[PDB]
Amino acid sequence: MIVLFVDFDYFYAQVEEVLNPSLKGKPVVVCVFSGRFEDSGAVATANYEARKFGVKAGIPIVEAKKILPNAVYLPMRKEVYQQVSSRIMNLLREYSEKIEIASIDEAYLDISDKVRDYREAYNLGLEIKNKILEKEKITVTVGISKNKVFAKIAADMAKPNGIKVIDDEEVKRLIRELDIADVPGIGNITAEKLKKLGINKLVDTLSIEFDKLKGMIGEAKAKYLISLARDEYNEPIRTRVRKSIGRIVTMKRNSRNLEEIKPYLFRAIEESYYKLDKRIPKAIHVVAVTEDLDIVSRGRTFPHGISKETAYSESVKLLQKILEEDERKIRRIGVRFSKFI
DNA sequence: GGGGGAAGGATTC
DNA sequence: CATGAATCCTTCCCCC
Ligand SMILES: Nc1ncnc2c1ncn2[C@H]1C[C@H](O)[C@@H](COP(=O)(O)OP(=O)(O)OP(=O)(O)O)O1
Ligand SMILES: [Ca+2]
Ligand SMILES: [Ca+2]
Ligand SMILES: [Ca+2]
């Protein structure tokens, strides 16, 4: 089995560079403006010119301007990036019918029956980078290995605008030298739990009784890491379909007033329904972000589909339930629809 | 005991 | 200061 992972470089900002080439070379910061005070919000992503100085995804726009006050700041345009992404995704289909689209800018290709070895896979890589660079003017990093995880790790090491292969020989090496934290699916919270257990590299997970592992990070995460350490991880490439659709907005100011909140909530439902387009949900959840960045939610599944009318009234109750069951103020309110018919 | 779904949350990218 | 969706976990609950 041979996997080829494609990851587009600094995607949102690169698409803005493509649409306005006079930007290539200058630090570009794509942000989400919360409408609260001035320049309130966060950075969705930034090109590398900007990342050299610490401006990256997740930091306040405010801290970014303090560092790069003259950089170009642009408001995120998700719809545009999505259509550009869809076109690139369609180009990849012509290289394998077995393709897994993991996110707006990541995709795994199962190229076992289109190639015989790593030389041809690597070659197919350059061919794909070029096809995309020509047709869309988007540079992408490619990763190639025996399974999805290592394909992705490969790209993580080769980005930006790179390509790298991790042969079986190097796979066994990494399982021993690679920092467990660099393994996809291992975030700051799990990496921490892993250190207290003394597990610092993939291999280390073998010198520990599975039961203590399952207890600390869960069974799923345990079997996952153990199979990667044993080098028997071989999850297939599957076409994934939406199981959920929703939206959450930020308020001008925190609140607990049902009447002051409703507008934002209804706005979220209107936009969610628009995205459902033909899909009908049997379940709805109202999600709130408390004044201290905590997340609470109340839901309800119905035996039948939900009409926009029902959604509107039901969401109000679930919101009231949240207020009744939590004294804190709400910072962000929103809805989520799932269990489509 | 244990299947199976539902609800609220934890984590990750 | 702090802007969509998947997968997994724990606890309930109904029930044969
Ligand atoms: N914190 C975030 N907030 C909003 N969107 C995000 C965030 N992190 C990532 N994204 C989105 C927008 C990015 O362009 C896209 C690509 O995934 P990402 O992990 O960030 O790849 P990257 O390291 O190559 O840079 P880039 O973010 O520009 O693509 O995912
Ligand atoms: Ca990515
Ligand atoms: Ca990317
Ligand atoms: Ca990590």
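Within every chain, numbering begins at 1; the chains are lettered A, B, ... in the order of the sequence lines, protein sequences first and strands thereafter. The figures here come from the full heavy-atom set of this structure, side chains too, leaving out hydrogens, waters and symmetry mates.
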- [ ] Round to a whole Å and report the spacing from CD1 of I295(A) to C1' of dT11(B).
- [x] 10 Å

Task: DNA chain C: 5'-proximal contact among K221(A) and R242(A) (nearest heavy atom) - done: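 In this pair, the answer is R242(A).
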
Open item on the list: Please classify the nucleic acid contact of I189(A) as base, sugar-phosphate, or nothing, using heavy-atom distances under 4.0 Å.
Closed with: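 Since only primed, P, OP1 and OP2 atoms lie under 4.0 Å of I189(A), the category is sugar-phosphate.
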
TODO: Indicate if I284(A) and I245(A) have the same hydrophobic cluster label, given that clusters are the connected sets of ILVMFWY residues with side-chain heavy-atom separations under 4.5 angstrom.
DONE: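 In one cluster: yes.
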
Open item on the list: Between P281(A) and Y273(A), is there a side-chain heavy-atom distance shorter than 4.5 Å?
Closed with: yes

TODO: Decide, yes or no, whether a salt bridge links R298(A) with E324(A) under the criterion of side-chain N to carboxylate O below 4.0 Å.
DONE: no

- [ ] Could you pick out which residue, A283(A) or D294(A), lies toward the 5' side of DNA chain B when each is mapped onto its nearest nucleotide?
- [x] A283(A)

TODO: Could you check how far NZ of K223(A) sits from P of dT7(C), rounded to whole Å?
DONE: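 Going from NZ in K223(A) over to P in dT7(C) covers 17 Å.
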
Open item on the list: What's the closest nucleotide to the side chain of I245(A) if the choices are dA5(C), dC1(C), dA6(C)?
Closed with: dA5(C)

TODO: Please check if the side chain of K201(A) supplies one atom and the backbone of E177(A) the other of a donor-acceptor pair under 3.5 Å.
DONE: yes

Open item on the list: Starting the side chain at C-beta, find the nucleotide from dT3(C), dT7(C), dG4(C) nearest to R238(A).
Closed with: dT7(C)

Open item on the list: Under 4.0 Å, counting only non-hydrogen atoms across every strand here, what does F37(A) touch: a base, just sugar-phosphate, or nothing?
Closed with: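 Sugar-phosphate, no base atom in range.
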
- [ ] May I have the distance from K78(A) (atom NZ) to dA5(C) (atom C1'), rounded to whole angstrom?
- [x]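 After rounding, the gap between these two atoms is 9 Å.
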
Open item on the list: Whether the side chain of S96(A) engages the backbone of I111(A) through a donor-acceptor N/O pair (distance < 3.5 Å, no angle test) should be reported.
Closed with: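 Absent.
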
- [ ] Could you verify whether a donor N or O on one side chain and an acceptor N or O on the other, from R93(A) and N90(A), lie under 3.5 Å apart?
- [x]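 The answer is yes; a qualifying pair exists.
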
Open item on the list: From CZ of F337(A) over to P of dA5(C), roughly how many Å is that when rounded to an integer?
Closed with: 12 Å

Open item on the list: Need one value for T301(A): base, sugar-phosphate or nothing, where a base atom within 4.0 Å counts as base even if backbone is also close, heavy atoms only.
Closed with: sugar-phosphate

- [ ] Consider the side chain of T190(A), meaning its heavy atoms from C-beta on, and name the nucleotide among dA6(B), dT12(B), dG8(B) that approaches it most closely.
- [x]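 Of all the options, the side chain of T190(A) is nearest to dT12(B).
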
Open item on the list: If I take atom CD1 in residue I248(A) and atom P in nucleotide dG4(C), what distance separates them, rounded to the nearest angstrom?
Closed with: 7 Å

Open item on the list: Heavy atoms only, 4.0 Å cut-off, all strands: where does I61(A) land among base, sugar-phosphate and nothing?
Closed with: nothing

Task: Length of the CG-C1' vector between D39(A) and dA2(C), whole Å - done: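 Rounded to whole Å, this separation is 15 Å.
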
Open item on the list: Need one value for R336(A): base, sugar-phosphate or nothing, where a base atom within 4.0 Å counts as base even if backbone is also close, heavy atoms only.
Closed with: nothing

TODO: Please check the phosphate of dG9(B) (OP1 and OP2 only) for any side-chain N or O of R298(A) closer than 4.0 Å.
DONE: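 Answer is yes, contact under 4.0 Å.
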
Task: Side chain of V296(A) - closest among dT11(B), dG9(B), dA6(C) - done: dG9(B)

TODO: Please state whether the phosphate of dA6(B), meaning OP1 or OP2, lies under 4.0 angstrom from any side-chain nitrogen or oxygen of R300(A).
DONE: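 Answer is no, no contact under 4.0 Å.
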
- [ ] Check every atom of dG4(C), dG9(B), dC8(C) against the side chain of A220(A) and return the nucleotide holding the closest atom.
- [x]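 So the nucleotide nearest the side chain must be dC8(C).
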
Open item on the list: The side chain of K275(A) is closest to which nucleotide in this list: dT7(C), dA5(C), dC13(B)?
Closed with: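 Of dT7(C), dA5(C), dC13(B), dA5(C) is nearest to the side chain of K275(A).
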
TODO: Just call it for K214(A): base, sugar-phosphate, or nothing, with non-hydrogen atoms closer than 4.0 Å on any strand.
DONE: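 The residue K214(A) makes no contact with any strand.
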
TODO: To the nearest Å, give me how far apart CD (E38(A)) and P (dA2(C)) are.
DONE: 13 Å

Open item on the list: Closer than 3.5 angstrom, by distance alone: can the side chain of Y73(A) be matched with the main-chain N or O of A64(A) as a donor-acceptor pair?
Closed with: yes

Task: Out of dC13(B), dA6(C), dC1(C), whichever nucleotide has its closest atom nearest the side chain of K243(A) - done: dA6(C)

- [ ] Tell me whether the OP1 or OP2 atom of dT3(C) has a side-chain N or O from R331(A) closer than 4.0 Å.
- [x] yes

Open item on the list: Side chain of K339(A) only, heavy atoms from C-beta on: which candidate in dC1(C), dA6(B), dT3(C) is closest?
Closed with: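 In terms of side-chain proximity for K339(A), the closest of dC1(C), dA6(B), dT3(C) is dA6(B).
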
TODO: Quick one: label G246(A) by what it contacts on the DNA or RNA (base, sugar-phosphate, nothing), any heavy atom closer than 4.0 Å.
DONE: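 Sugar-phosphate, no base atom in range.
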
Open item on the list: Expressed as a whole number of angstroms, how long is the span from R240(A):CZ to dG4(C):P?
Closed with: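 Atom CZ in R240(A) sits about 19 Å away from atom P in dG4(C).
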
